[PDB]
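Take a look at this single chain, the form deposited in one PDB entry, given in C-alpha cells.
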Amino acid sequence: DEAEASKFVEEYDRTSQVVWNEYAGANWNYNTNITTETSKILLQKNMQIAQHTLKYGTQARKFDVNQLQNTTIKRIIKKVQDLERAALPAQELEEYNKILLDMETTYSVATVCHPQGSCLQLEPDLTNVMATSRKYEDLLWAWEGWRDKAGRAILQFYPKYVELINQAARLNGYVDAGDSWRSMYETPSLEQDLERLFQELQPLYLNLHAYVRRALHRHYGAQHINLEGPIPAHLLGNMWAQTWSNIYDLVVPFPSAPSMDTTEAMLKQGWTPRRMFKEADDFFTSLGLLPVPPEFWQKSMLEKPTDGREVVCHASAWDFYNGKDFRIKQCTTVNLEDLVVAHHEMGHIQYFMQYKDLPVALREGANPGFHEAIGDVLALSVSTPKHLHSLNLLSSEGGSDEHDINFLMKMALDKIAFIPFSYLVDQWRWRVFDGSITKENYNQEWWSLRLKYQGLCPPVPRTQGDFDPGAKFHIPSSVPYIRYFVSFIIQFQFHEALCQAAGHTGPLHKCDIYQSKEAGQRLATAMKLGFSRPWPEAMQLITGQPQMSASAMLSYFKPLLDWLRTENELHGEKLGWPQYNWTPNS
C-alpha cells in the first residue's frame, strides 16, 4: 500500500530525528572535551544508532520499491534499505568500529621527535615546517618523519578495515565499498565524466607544474631538481603537496609587484576568530541567504579552549538534526587561509539551514561535491584583491597587470594544484576496495598515481612497511575524497553563473558577488532541494544547464594559462615528466 509506505517514512523520520540528535550531541561532547567518560557515552550512542538503523533498514527492505508510486517515498525507502555498517553481524560490527577508532586515534596522537629533543605534532608544528622551511633536509625530516610515525602505524589496521567495509557494502547490495561510495552521485557515467574533467585541466596543470619545477630548480639546485622529471613531494609547502600556495614566495611571477603580508595585517588590526565567522555570516546575508541562529554563536567552538579541555581541532560543521541547532568546531587561527576555511564551513552550515524542513533522509547536498562547494564559492569573491582591500588586508592592487597575474598564480597554486591530488585519493581507494591493489602493493600503487596524476616523486625511496596513504587524514578516518575534486570544478561553474546573475562583465576572476541578491536566490533554490532530486536539477537551477564542466575554471584562469605558456616556452620547458623514472640521487 502507498499508505503503509507513507506511514513507515513518517515513523522513520520521527525516530531518526531523536536518535541522530542524541548521537550528534554525544559526538560533539567528545570532540569538544576528550575524556574517558565522553568516549564511553559516544560508544553507547554509536550502538543505539546502529540498532535504530538495523530496525528501520530491515523494515524498509520488506517494501518492493518497484510497486511504489510516490517518487519521494520510493526514494526515501530505497535509501533506508542501505544499512551501511549496521548490516554487519555483531562480531564484525564491533571489530569494524574498533578498527576505525584505532586508526583515527593512531593518526591523531602520532608525533615526530628529535632524539633528546622536542616532539612535534602534525598541527601546527609539522605543517608550519612544511609551509615555511626552505631547507631541503629540514623539509625532508618533517615529510619522512610524519610518514614513518603516522603512515607506518596505520598499516597494521588497513587490510582488515578494507575487508570489513567491503563486507558491509556487499551486505547492502554493492560489489565493494568503492561502488557504494560512488553511488552517492547517482550517476552511472561518473568515472568517465570525472576523467574527462581531469583531462580538460591538463594544459593548465602541466604548465603550472613546469613553471613551479623551474622555480624549485632555481632555489634547491640543479642536482636536486630534474627539469624533465617529477617534482620531489616535500618541496610544495604542504605535507601532502595537495595545495602549493605556501611557496608563492619562490614562484611569484612579478616580484616587483609585492603583496601585503595578510596575516600580519589581520593581527595588527585585531582580527579574532569570532570576527572571521561574523564576516562569513555577513557575506551570506548580503546575498539574502540565511543568518546563522543565535544558538550557533552560543554553542559553537570557534577557537581552541583554554580551560584545560582537550579537543579535536580540525575544522568541521555539524547538523544536530532538529532544524535549529547547527555548530562549527574549529581551532581557528587568525590568517587568510583560515578565513577561507571559515567560509567553507559556513557554507556547510548554510546548506544545513536551507534543507532543514526536508525529511532527515533527504537532508544532504544534491551530491557530496555540492555540499563542499557552497562556502568556497563565496570565498572566491572574498579572495579577490578588491574584497581583500575592502577588509584592509591588501593595498590597492587593481588595474596592474603584474598584480593581476600574481593574484591568478596565488589562486592557481591552490585550486589547480589540488585537482590531481583530489582525483588521486579515491582512484587509489576504489582500486583497493575492488581488490585490484592488495596489501602487497598499497604503497607502490599510491606512488604510481602520485606520479601519473600529480607528477611527484618521493624524496626518499619507499621501503617495505611504508603506508604513505595512512599519513593523510581521510584515509584512516574513512572519509570519501572525490567530493573535493567535484567541488573544485563546480565551484567555478557556480561562480561564473552567480557573477552573470549579478551583472558582472569582464574577466571572471575579477568578479565579487558581495550583496548580490540575484546570486543568493540562485543558490537558495538549489540548496533547498537537499537530496530530494537528482543533482542535475540543482546544477540547472544554479547554472542554466545540467552538466559538470571545467569550462568555467578554465575561463577563470585563461590569463594565467596564456602567461604560463609564454613563460614556459621562452625557457624551453618540456611539459610533463617523460623522465618519469627519475628520483632524487641524494
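So that there is no doubt, residue numbering starts at 1 and follows the sequence shown. Note that the rigid core is defined as the largest set of C-alphas that superpose within 1.5 Å between two forms.
The form deposited in another entry is left out here; the points below concern that form.
With the core held fixed by superposition, the comparison between the shown form and the other one singles out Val311 as the only member of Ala502, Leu362, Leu83, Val311 whose CA moves by at least 2 angstroms. Remark: with the core as the superposition reference, the CA shift of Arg196 between the shown form and the other one stays below 2 Å. Relative to the superposed rigid core, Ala524 undergoes a CA displacement smaller than 2 Å between the shown form and the other one. Relative to the superposed rigid core, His474 undergoes a CA displacement smaller than 2 Å between the shown form and the other one.
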